[PDB]
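Below is one structure; the comments refer to it alone.
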Amino acid sequence: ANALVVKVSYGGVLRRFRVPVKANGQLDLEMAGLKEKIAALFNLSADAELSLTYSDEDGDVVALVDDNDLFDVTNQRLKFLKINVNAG
């Protein structure tokens with residue numbers, strides 16, 4: 001019945017917000033729902049490209065591209081997700 005704490009950080013200011021999950025177990029948003037949510041925090045122009053890369057369990061710098069890999073963050077069993085923004 002619990003959320004995933006997501007911390008993002010662009011222009012060297014870390015932020016943090018939470019995202020709930022269903023009863024079923026998947027995250028209750030998608031990338032188009034996510035990337036326009038990040039553009040709210042940072043006052044970025046939404047037409048700009050975002051290059052979002054999270055952290056794996058065993059420390060790789062993975063890419064995010066699709067709602068297929070957002071499913072994987074639940075099964076990855078991470079304590080809090082961290083997503084870096086690279087624009088322009």
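Every chain in the structure tokens has a letter given in the order shown (A, B, ...), and although residue numbers restart at 1 in each chain, ligands are simply numbered from 1 in the order shown.
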Q: Fewer than 4 positions away in the same chain doesn't count, so skip those; otherwise give me all residues within 8 Å of stretch 65-67 of chain A, counting only C-alpha atoms, as a VMD selection string.
A: chain A and resid 30 to 31 52 71
(Q) Please extract the residues of chain A with a backbone DSSP assignment of alpha helix (DSSP H) and present them as an NGL selection string. (A) :A and (31-42 or 69-76)
Q: Determine the nearest neighbour of residue A:2 from the options A:23, A:14, A:62, A:83, counting only C-alpha atoms.
A: A:23
Q. Using only C-alpha atoms, which of A:12, A:7, A:58, A:1 sits nearest residue A:77?
A.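 Nearest to residue A:77: A:58.
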**Q.** Backbone DSSP call of strand (DSSP E or B) for chain A, listed as a ChimeraX atom specification
**A.** /A:4-10,13-14,17-19,21,27,50-53,55,61,81-87
Q. Can you tell me how far atom CA of residue A:49 sits from atom CA of residue A:79, in Å to one decimal?
A.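 Interatomic distance, atom CA of residue A:49 to atom CA of residue A:79: 27.7 Å.
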Q) Do you know which residues are at most 10 Å from stretch 18-22 of chain A counting only C-alpha atoms, after dropping those on the same chain fewer than 5 positions away, and could you put them as a count of residues only? A) 12
Q | Residue among A:15, A:70, A:82, A:64 lying closest to residue A:42, counting only C-alpha atoms | A |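 Nearest to residue A:42: A:15.
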Q. Between atom CA of residue A:78 and atom CA of residue A:63, what is the distance, to one decimal in Å?
A. 15.8 Å
Q: Excluding residue A:11 and any residue of its chain fewer than 3 positions from it, enumerate the residues within 12 Å of it, using only C-alpha atoms, and give them as an MDAnalysis selection string.
A: chainID A and resid 8 14:15 41:44 84:87
Save out the residues we just selected, N, CA and C atoms, as a PDB file, in the first residue's frame.
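Okay, out.pdb is ready:
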ATOM      1  N   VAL A   8      15.023  13.222  -7.930  1.00  0.00           N
ATOM      2  CA  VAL A   8      15.697  13.687  -9.144  1.00  0.00           C
ATOM      3  C   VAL A   8      16.595  14.894  -8.887  1.00  0.00           C
ATOM      4  N   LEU A  14      19.122  18.691  -5.817  1.00  0.00           N
ATOM      5  CA  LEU A  14      18.362  17.470  -5.650  1.00  0.00           C
ATOM      6  C   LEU A  14      16.973  17.848  -5.184  1.00  0.00           C
ATOM      7  N   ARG A  15      15.991  17.062  -5.614  1.00  0.00           N
ATOM      8  CA  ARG A  15      14.647  17.281  -5.122  1.00  0.00           C
ATOM      9  C   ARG A  15      14.077  15.948  -4.705  1.00  0.00           C
ATOM     10  N   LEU A  41       8.885  20.552 -12.097  1.00  0.00           N
ATOM     11  CA  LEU A  41       9.716  20.833 -10.937  1.00  0.00           C
ATOM     12  C   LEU A  41      10.775  21.855 -11.303  1.00  0.00           C
ATOM     13  N   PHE A  42      11.321  21.737 -12.522  1.00  0.00           N
ATOM     14  CA  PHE A  42      12.535  22.452 -12.858  1.00  0.00           C
ATOM     15  C   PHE A  42      12.323  23.687 -13.725  1.00  0.00           C
ATOM     16  N   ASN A  43      11.069  23.970 -14.085  1.00  0.00           N
ATOM     17  CA  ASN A  43      10.697  25.029 -15.024  1.00  0.00           C
ATOM     18  C   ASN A  43      11.456  24.911 -16.341  1.00  0.00           C
ATOM     19  N   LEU A  44      11.574  23.680 -16.824  1.00  0.00           N
ATOM     20  CA  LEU A  44      12.174  23.449 -18.118  1.00  0.00           C
ATOM     21  C   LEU A  44      11.094  23.579 -19.176  1.00  0.00           C
ATOM     22  N   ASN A  84      18.744  11.001 -12.999  1.00  0.00           N
ATOM     23  CA  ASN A  84      19.496  12.176 -13.401  1.00  0.00           C
ATOM     24  C   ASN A  84      18.971  12.730 -14.716  1.00  0.00           C
ATOM     25  N   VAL A  85      18.960  14.055 -14.805  1.00  0.00           N
ATOM     26  CA  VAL A  85      18.470  14.718 -16.005  1.00  0.00           C
ATOM     27  C   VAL A  85      19.682  15.197 -16.781  1.00  0.00           C
ATOM     28  N   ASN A  86      19.695  14.915 -18.087  1.00  0.00           N
ATOM     29  CA  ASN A  86      20.587  15.607 -18.995  1.00  0.00           C
ATOM     30  C   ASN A  86      19.814  16.146 -20.180  1.00  0.00           C
ATOM     31  N   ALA A  87      19.846  17.477 -20.303  1.00  0.00           N
ATOM     32  CA  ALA A  87      19.128  18.185 -21.344  1.00  0.00           C
ATOM     33  C   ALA A  87      20.097  18.911 -22.264  1.00  0.00           C
TER      34      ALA A  87
END
(Q) So that I can see what lies close to residue A:59, please list as a PyMOL selection string the residues with an atom at most 12 Å from it, counting only C-alpha atoms and leaving out residues fewer than 2 positions away in the same chain. (A) chain A and resi 53-57+61-62+76+78+81-82
